[PDB]
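Undergrad: What follows is a single structure, and I will ask about it in a moment.
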Amino acid sequence: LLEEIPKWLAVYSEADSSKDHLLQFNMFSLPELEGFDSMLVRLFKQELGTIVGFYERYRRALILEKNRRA
Amino acid sequence: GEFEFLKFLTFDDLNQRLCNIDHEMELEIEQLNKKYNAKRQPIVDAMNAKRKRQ
Ligand code: NI
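Quick mapping for you: the protein sequence lines, in order, are chains B and A.
So for the first sequence, the deposited numbering puts the first residue at 531; every next one is plus one.
So for the second sequence, the deposited numbering puts the first residue at 604; every next one is plus one.
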């Protein structure tokens, strides 16, 4: 499948650190673990683009509203 | 639409929000950076162990 990110990985990144330790990452091959790592990084960028996109609109919404009053 | 509530703000309130917007983003991004770094550590530690084991 194309650019697949396993659902469990997404859940993992959104959860807290409490049950981190019980991850048997040893069971995976080095390539799969490099896979997981790079997927987290994509997840970061997604969430980052969302954050940064919101603040685009928000800023633009504000300035539009100011001009309106003037 | 998404920001309809801004129509209820005073003119100063709008400026005040425009004042705070950058810093507000920088905090958000920092919390994000911290979040993912701590999520990667387990994986990165494992790879290091694989590399040392083999
Ligand atoms: Ni495929």
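Just so it is clear, CB atoms sit at the ideal spot from N, CA and C, and this is done for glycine as well.
Would you identify the three-state DSSP class for A/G604, choosing helix, strand or coil?
TA: Coil at A/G604, not helix or strand.
Undergrad: Please list, in chain order, the chain A residues whose beta carbon lies closer than 8 angstroms to that of B/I581.
TA: Chain A residues near B/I581: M628, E631, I632, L635.
Undergrad: Contact defined as beta carbons within less than 8 angstroms: I believe B/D546 pairs with A/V647. What is the distance between those atoms, to the nearest angstrom?
TA: Actually they are not in contact, since the Cβ atoms of B/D546 and A/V647 sit about 19 angstroms apart, beyond 8 angstroms.
Undergrad: Could you tell me whether the Cβ of B/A540 comes closer than 8 angstroms to any Cβ of chain A?
TA: For B/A540, the answer is no, since every Cβ of chain A falls outside 8 angstroms of its Cβ.
Undergrad: Is A/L609 near B/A591, with beta carbons less than 8 angstroms apart?
TA: Yes, the pair counts as a contact, with Cβ atoms nearer than the cut-off.
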